[PDB]
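**Student:** Here is my input, please return the structure:
(chains A, B and C)
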Amino acid sequence: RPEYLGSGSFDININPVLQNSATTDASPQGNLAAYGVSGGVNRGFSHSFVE
Amino acid sequence: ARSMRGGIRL
Amino acid sequence: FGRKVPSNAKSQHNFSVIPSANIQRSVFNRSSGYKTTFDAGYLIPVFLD
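**Tutor:** Numbering: from 1, shown residues only, chains lettered A, B, ... in the order given. You can find the structure just below:
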């Protein structure tokens, strides 16, 4: 079997964004959109290969 | 900052 | 907002640095004699190396 060397994981943080532009037929002032971002540093694995 | 291959070019 | 990831540009630069030459210096005596006749006022080249 292929060896499982390690893993990492991150949240995709979804952050609210306020509409500061005036009210429209599309969306009112104070409407709440979002943007999504994820990341970090893992320390993934350390390993030595015999073949 | 050391001696590069192909001579110096900054 | 997110944080930017690094570029590999520094490790790629480091792989391109040639090693220094290993020179094999040594110390020795390079003695020599020189014999001549000359007249006053001239610049005589008695030693050349």
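**Student:** what about the residue of chain A found nearest chain B, neighbour count?
**Tutor:** In chain A, no residue comes nearer to chain B than residue A:41, which is 27.1 Å away by Cβ to the nearest Cβ. From N, CA and C alone the C-beta is placed, and that goes for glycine too. Other residues near residue A:41 come to 9 when the count uses other Cβ atoms under 10 Å in any protein chain shown.
**Student:** go on, residue A:6?
**Tutor:** With other Cβ under 10 Å as criterion, residue A:6 counts 10.
**Student:** give me the beta-bridge partners of whichever residue of chain A sits closest to chain C?
**Tutor:** Closest contact between chain A and chain C, by Cβ to the nearest Cβ, is at residue A:37 (4.2 Å). Bridge pairing for residue A:37 (DSSP bridges) gives the partners residue A:13.
**Student:** In this structure it contacts residue A:17, no?
**Tutor:** No. Under the criterion of Cβ atoms under 8 Å, residue A:37 is not in contact with residue A:17, lying 12.0 Å apart.
**Student:** Those two: which is more packed in?
**Tutor:** Counted by other Cβ under 10 Å, residue A:37 and residue A:17 do not tie: residue A:37 has more neighbours, with 13 against 10.
**Student:** so who does that one touch?
**Tutor:** By Cβ atoms under 8 Å, 6 or more residues apart in numbering or on different chains, the residues touching residue A:37 are A:12, A:13, A:15, C:1, C:2.
**Student:** again, only this time at 7 Å
**Tutor:** A:13, C:1, C:2 (Cβ atoms under 7 Å, 6 or more residues apart in numbering or on different chains).
**Student:** now do residue B:3
**Tutor:** C:17, C:18.
**Student:** Could you find the residue in chain C that comes nearest to chain B?
**Tutor:** For chain C, Cβ to the nearest Cβ, closest residue to chain B: residue C:17, 4.5 Å.
**Student:** Can you tell me, leaving aside adjacent residues, what's nearest to residue C:5?
**Tutor:** residue A:39 (7.6 Å; Cβ to Cβ, 6 or more residues apart in numbering or on different chains).
**Student:** Roughly how far does residue B:6 sit from residue C:17?
**Tutor:** Separation of residue B:6 from residue C:17 (Cβ to Cβ, to the nearest Å): 11 Å.
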